[PDB]
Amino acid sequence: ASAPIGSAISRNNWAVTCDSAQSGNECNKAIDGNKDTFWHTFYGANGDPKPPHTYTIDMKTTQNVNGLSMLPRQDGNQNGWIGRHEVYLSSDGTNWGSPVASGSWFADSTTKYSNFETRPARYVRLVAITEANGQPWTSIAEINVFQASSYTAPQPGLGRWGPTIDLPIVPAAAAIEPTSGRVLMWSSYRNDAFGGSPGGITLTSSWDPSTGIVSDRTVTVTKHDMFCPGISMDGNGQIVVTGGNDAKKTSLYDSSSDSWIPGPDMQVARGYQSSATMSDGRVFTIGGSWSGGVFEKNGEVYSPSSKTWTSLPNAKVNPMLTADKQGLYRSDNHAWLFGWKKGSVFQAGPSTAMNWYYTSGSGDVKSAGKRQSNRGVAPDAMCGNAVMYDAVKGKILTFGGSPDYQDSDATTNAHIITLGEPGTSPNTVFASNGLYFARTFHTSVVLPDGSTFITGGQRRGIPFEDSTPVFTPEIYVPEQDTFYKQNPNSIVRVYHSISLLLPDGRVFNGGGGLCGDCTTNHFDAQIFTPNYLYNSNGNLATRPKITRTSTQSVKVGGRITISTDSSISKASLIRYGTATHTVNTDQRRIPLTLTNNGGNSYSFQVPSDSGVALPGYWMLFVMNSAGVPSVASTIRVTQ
């Protein structure tokens, strides 16, 4: 199940309008209180008019609306189940604006919801764009609208949340398809659950930001239930998905061909391990006792060229284990890995102990010291996040998490780690005064300007429970060493949530749940628009445009020339992300130094070290003096 974020609005005084209604299937059956009766558009003898179909409610008065529920027909018949839809709100009945929510609902008879930020409205409209099975009708047994306790206008200058993207699944794993710009999401063998999988199948769903279309596909060709995996974008731009529900499998997603290819089986079965792309395009993984057994799981490395997994038994997992109370089942999970120079992999945590992993010969591990600051040694921070926001300067910000995976209080601890050469102990300091809010299961992304956006989580980690939610996101501004609260959202984002940076510079945040019958499944995502996209008036700022790119494929150390439509002050390269269970080993930012060629023509060199400029796809953003970023250009970085 799912749940709405508000309380049902009394349907007494309401007045409803339908585009069509078959007699016996009146518009009003949708608001009778009887689940046996439903509104149904014309059929048979009244003809079969195709969607869009629309349901408009006049609440007579103004309510602080935050959601809607749609119970489909409960009579065993599927006809009229709503697929694609859009939700609109109006104070007047004529001016509807942009949808506050849109997306697709799964094809079943369960109640479906639309949760969105609170907005005063007297009118609500639900547009059924499609029918779950591609037929013409639209049927609704019951429709409800929910209201918030109160309404507080977002504060100016602090970003904005919305709209809501409704999905058929809980997106507990997601990636950006670099060639298409779509967000690829997956759940498990089911849309809302992972427990009890026969393995071998995964439900995926894609959202296209340009069209707003949500497309779904069941992947069986790799014979892998991809829930709880390792995820990396290799040196070729293929997304490598490892283990999880099918503990030894590897599935490869090729963005180019929009397809899934079986990969080689790993040497060791794992679930919940992290994997990290290396300076040579190879993928290194270690740990993962969620599945495949609980024992010491040492490193192994994937070669995309030979398509083999090779064990690195001397890259030992032992030094990175946390002191988790549940033991090894959790202590080797979600390592904070970063591919670095010369085939090295840095492990920044969650264990207090940081380590250098080496991939030559049969592997090696060397101590990189303890995460600590003038305030003391940092405790284990399972599900804390770690972001490389300046790969050139080896800067990684770490924050949040808790000593144990669950039933433990989250911390506000935040640190800056500065990496040097593999093998050396990196410098670590405390980040400002730590987070404004202790959180675990939160997610984050590095933004075009080098700031880190952090959102969601709870103060005490209780998987599948929406308790102690943190609704106020924070942004860390490295130049200032200061954290800033942003406008809060209304949907709890705790365990199984995700965040990705979109090519347009906005953040996609969604998921949470995946517990079958629980009521904490969140079949949606929201978009957070950072204040760098608005001008002073609260309107969207005008964005610099990248008119020309000399090339879209460059070797490390290579130069790129661009022309813009306006003078640019800054530019950054952001590697495309992948995300699940707080882990994102693929995102990273490289600040670029620009050569002004005169005439709004500029060049920059990509760093010559492939451990900095990890191969794969990257997003190129340019910023005007105002700080407003362009939409990204996609550049492939090869060694």
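All residue numbers refer to positions in the sequence shown, first residue = 1.
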Average Cα temperature factor in the PDB entry - higher stretch of 6-14, 625-633: 6-14
Greater mean Cα temperature factor according to the PDB record, 201-209 or 71-79: 71-79
C-alpha B-factor winner, where the candidates are 610, 64, 584, 605: 605
C-alpha B-factor winner, where the candidates are 222, 277, 236, 408: 236
CA B-factor placement of residue 594, once the chain's modelled residues are sorted into thirds: highest
Residue 467 CA temperature factor, ranked by third within the chain: middle
Chain third (lowest, middle, highest) by recorded CA B-factor, residue given as residue 413: lowest
Among modelled residues of the same chain, the CA temperature factor third for residue 134: highest
Ranked C-alpha temperature factor of residue 493 among modelled chain residues, by third: middle
